[PDB]
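Colleague: the data below comprise the sequence and an experimental structure of the protein.
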Amino acid sequence: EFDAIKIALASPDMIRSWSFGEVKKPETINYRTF
Amino acid sequence: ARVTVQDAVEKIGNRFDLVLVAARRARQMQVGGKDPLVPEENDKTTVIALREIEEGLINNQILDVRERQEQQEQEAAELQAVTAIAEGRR
Amino acid sequence: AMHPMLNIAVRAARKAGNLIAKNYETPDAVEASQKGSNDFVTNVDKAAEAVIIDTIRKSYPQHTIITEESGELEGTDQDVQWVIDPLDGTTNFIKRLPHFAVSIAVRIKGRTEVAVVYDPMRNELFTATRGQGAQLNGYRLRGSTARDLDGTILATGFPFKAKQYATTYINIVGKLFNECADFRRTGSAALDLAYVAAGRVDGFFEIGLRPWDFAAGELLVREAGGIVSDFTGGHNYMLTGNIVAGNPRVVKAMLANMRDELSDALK
Amino acid sequence: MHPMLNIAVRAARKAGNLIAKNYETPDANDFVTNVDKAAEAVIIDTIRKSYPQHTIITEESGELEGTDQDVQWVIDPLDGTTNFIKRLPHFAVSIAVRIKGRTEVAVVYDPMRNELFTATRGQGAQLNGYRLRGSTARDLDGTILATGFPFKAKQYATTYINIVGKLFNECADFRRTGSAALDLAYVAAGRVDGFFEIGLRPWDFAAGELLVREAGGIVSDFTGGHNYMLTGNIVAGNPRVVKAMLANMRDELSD
Ligand SMILES: [Mg+2]
Ligand SMILES: [Mg+2]
């Protein structure tokens, strides 16, 4: 599937491209309803 | 009966190519199994391949030419069949 | 839930697109007039722009509005802008070519927050809100996962308003045809951007585009994994109107290929 | 003109139904050819049941004959395959029935927008009950060109590029949805003024050329000849724009 590995910095556009959204609230899981 | 591989590596002067070609032949004799040339003694296909190697009748060239002969027979038969179908459709 | 301003915008775009479709099946009611180069503008543009402005002011009587016709209607506030194109590809709607869309996006503090384009002929509704992504009629949008300039499809536009670059442009396309597979040309910038974000075409580029012809699509391709840039890798594309967009690999490859063919006027 | 057209329309109906059905298995290069073969096969069944005497001509199966070799069925079950490969919904089925060394029946059906253009020689080409009256342009002023980049004929790449460069210097704008048959249908229905492409094939334009000619238009090759049937070099549209295009495009050709 490949024959090499490239590595470098990630432009903010690149990072925002990876993401599928933006996390905004810190709390993870409600305990009264998992 | 396999305890050593020295005869094999003598017939193929490299253990690496030895195990490669022998694994190829064993895969031949295990899936879509070609009948093992040397009469087996109810053994696994691996040692059967090693024995066929060390006896002096399997190697890289022999496997390749057998594959090519199979290709030739297969293509001839299927092309005859496709020509028959071509006449059948007209 | 659903972003509020996004909901208002999509309702307005729905009404505008219904009016568009209504005007479509009547090749008599269209009464256009030429304004630029090889393109008309119709009364339908004015009708749809009016409907959109009214629907917006209903639930937002103070937001600033931007449109090709009305220029910039400065509402009592000036931080929330609504960039509107009641029609992308008016040339096609003239010839009734069933490929066009309405486009509506919202800028907050200069940053595009929500955006929608709407193709009424196929009833396609590309929505996209920042930090949550882009959707096509309820499916996510990730853009073409192609990794190189091979086998890709390249959407583009010919500068019918700035034909001077044509020659240069031609060379560009020529150079690109050395590697890419095929091109695409629909005369609709917004739908090109959408298709890019839709993963239908694996890359888009255009020389000299209007600001309100991408400000909705650019957020789509952004939140659909793709990136946008000018032809020199910078962010000035909003002023030059020179756009390239697509997944990062194909955009990088296109920029590397075009670094030479391009002209210094564009950079 | 009624029974042949009805049979062809039903065949295109079944083809489009199966195509749209299979269009809903999202996947992210072979299964497209599989559903292509399936639509071609159900088309073949339609040919075998109704009129088993005619002969079939497909890009895939070559030519499969029966007894009536005078009636050739040129059926492309898909044009612009790459679009359906990429889920871009611009593709159609193109049925053609040639009789006595000449095309007589033509049908092009997009199942997405449900566009069903029919054409019988002489009596013309209809769409859903409407008559396609070609384009109204008399020259290359402000017109649109259904232009096609030769992604299979890369030998004429630079020549074609110079040609389209001269054109865009003279003409207004291009369009390319990546579907030759639908491009021909559209230039036939006045949706785009002129059309021209390089290196096409009979199973592609077999119906579209008739759709165009029945719409007050013409179809020719880059030299006004009539060998575009096999040379794959086609220019089409109402005669005014075709003349205005040839007069500019002749002097930079290679064939
Ligand atoms: Mg506009
Ligand atoms: Mg085909």
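Modeller: Cool, the structure landed. Residues are numbered from 1 along each chain as shown, chains lettered A, B, ... in the order given. Ligands and ions are numbered 1, 2, ... in the order given.

Colleague: break chain C into its domains for me.
Modeller: The record's domain parsing of chain C by curated CATH domains lists C:1-141, C:142-267.

Colleague: nearest to ligand 2, of these?
Modeller: For the domains of chain C, proximity to ligand 2 was assessed by C-beta to the ion; domain C:142-267 is nearest, at 15.0 Å. For the C-beta atoms, the positions are set from N, CA and C on the backbone; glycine is no exception.

Colleague: number of residues surrounding residue C:184?
Modeller: For residue C:184, the neighbour count with other C-beta atoms under 10 Å in any protein chain shown is 25.

Colleague: for residue C:57, same thing?
Modeller: Neighbours around residue C:57, by other C-beta under 10 Å: 14.

Colleague: tell me which helix or strand it sits in.
Modeller: helix C:43-59 (DSSP states H and E).

Colleague: partner strands of the next helix or strand after that helix, with direction?
Modeller: The helix or strand immediately downstream of helix C:43-59 is strand C:64-67, counting by DSSP H and E. Applying DSSP bridges to the sheet, strand C:64-67 is found paired with strand C:71-73 (antiparallel), strand C:80-88 (parallel).

Colleague: in strand C:64-67, what's buried?
Modeller: Within strand C:64-67, the residues scored as buried using 16 or more other C-beta atoms under 10 Å in any protein chain shown are C:64-67.

Colleague: let me see the residues that make contact with it.
Modeller: Here strand C:64-67 makes contact (C-beta atoms under 8 Å, 6 or more residues apart in numbering or on different chains) with C:49, C:53, C:56, C:72-75, C:77-86, C:211-212.

Colleague: mean neighbour count added to the strands paired with strand C:64-67, as CSV?
Modeller: Listed next are the strands paired with strand C:64-67 as CSV, based on neighbours: other C-beta atoms under 10 Å in any protein chain shown:
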stretch, mean neighbour count
strand C:71-73, 12
strand C:80-88, 25
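
Colleague: within range of chain D, give me the residues from the stretch 101-250 of chain C.
Modeller: For the stretch 101-250 of chain C, the contact set with chain D under C-beta under 8 Å from any C-beta of the partner chain comprises C:121-122, C:144-145, C:153, C:158, C:160, C:163, C:166-167, C:170, C:173-174, C:177-178, C:181-187, C:195, C:198-202.

Colleague: now which of those residues would you call buried?
Modeller: Counted by 16+ other C-beta under 10 Å, those give C:121, C:144, C:153, C:158, C:160, C:163, C:166, C:170, C:173-174, C:177, C:181-187, C:195, C:198-202 as buried.

Colleague: out of those residues, which are inside helices?
Modeller: C:166, C:170, C:173-174, C:177, C:195, C:198 (DSSP state H).

Colleague: and the strands paired with strand C:64-67 as a markdown table, adding distance to residue C:34?
Modeller: Shown next, in a markdown table, are those (distance: least, C-beta to C-beta, whole Å):
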| stretch | distance to residue C:34 |
| --- | --- |
| strand C:71-73 | 19 |
| strand C:80-88 | 15 |
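
Colleague: so who does the closest residue to chain C within chain A touch?
Modeller: As assessed by C-beta to the nearest C-beta, chain C sits closest to residue A:22 within chain A, at 3.0 Å. Residues near residue A:22 by C-beta under 8 Å, 6+ apart: C:130-132.

Colleague: center of chain B - which residue?
Modeller: A centroid search over chain B (C-alpha atoms, centre = their mean) returns residue B:25, at 4.4 Å, as the residue closest to the centre.

Colleague: is it correct that residue C:210 is in contact with residue C:68?
Modeller: Yes. The pair residue C:210 / residue C:68 is scored as a contact, 6.9 Å apart, by C-beta atoms under 8 Å.

Colleague: quick one, which of those two is more surrounded?
Modeller: residue C:68 (19 against 13).

Colleague: give me the nearest residue to the more buried one, chain neighbours excluded.
Modeller: residue C:212 (6.0 Å; C-beta to C-beta, 6 or more residues apart in numbering or on different chains).

Colleague: distance of that neighbour from chain D?
Modeller: To chain D, residue C:212 is 20 Å away according to C-beta to the nearest C-beta, to the nearest Å.

Colleague: surely that residue is in a helix?
Modeller: Yes. Under DSSP: H, G, I helix; E, B strand; the rest coil, residue C:212 sits within a helix.

Colleague: need the three-state assignment for whatever residue of chain C ends up closest to chain A.
Modeller: Per C-beta to the nearest C-beta, residue C:131 is where chain C lies closest to chain A, at 3.0 Å. Secondary structure assignment for residue C:131 (three-state DSSP): coil.

Colleague: quick check: it touching residue A:21?
Modeller: Yes. Applying C-beta under 8 Å as the test, residue C:131 and residue A:21 come out as touching, 5.7 Å apart.

Colleague: what number of residues are in the vicinity of residue 1?
Modeller: You didn't say which chain, so I picked chain A. 2.

Colleague: nope, chain C
Modeller: Other residues close to residue C:1 by other C-beta under 10 Å number 4.

Colleague: cool, and residue C:28?
Modeller: 6.

Colleague: buried sites along stretch C:223-235?
Modeller: C:223-232.

Colleague: please narrow those residues to those residing in strands.
Modeller: Counting by DSSP state E, the part of the buried residues of stretch C:223-235 found in strands is C:227-229.

Colleague: which residues does residue C:190 contact?
Modeller: Taking C-beta under 8 Å, 6+ apart, we find residue C:190 in contact with C:85, C:88, C:101, C:103, C:117, C:213-214, C:216-217.

Colleague: now list the buried members of these.
Modeller: Here, 16+ other C-beta under 10 Å leaves C:85, C:88, C:101, C:103, C:117, C:213-214, C:216-217 buried among the contacts of residue C:190.

Colleague: redo those residues as JSON lines? Include distance to ligand 2.
Modeller: Below are the buried ones among the contacts of residue C:190 laid out as JSON lines (distance: C-beta to the ion, whole Å):
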{"residue": "C:85", "distance to ligand 2": "36"}
{"residue": "C:88", "distance to ligand 2": "31"}
{"residue": "C:101", "distance to ligand 2": "29"}
{"residue": "C:103", "distance to ligand 2": "34"}
{"residue": "C:117", "distance to ligand 2": "31"}
{"residue": "C:213", "distance to ligand 2": "34"}
{"residue": "C:214", "distance to ligand 2": "34"}
{"residue": "C:216", "distance to ligand 2": "35"}
{"residue": "C:217", "distance to ligand 2": "31"}
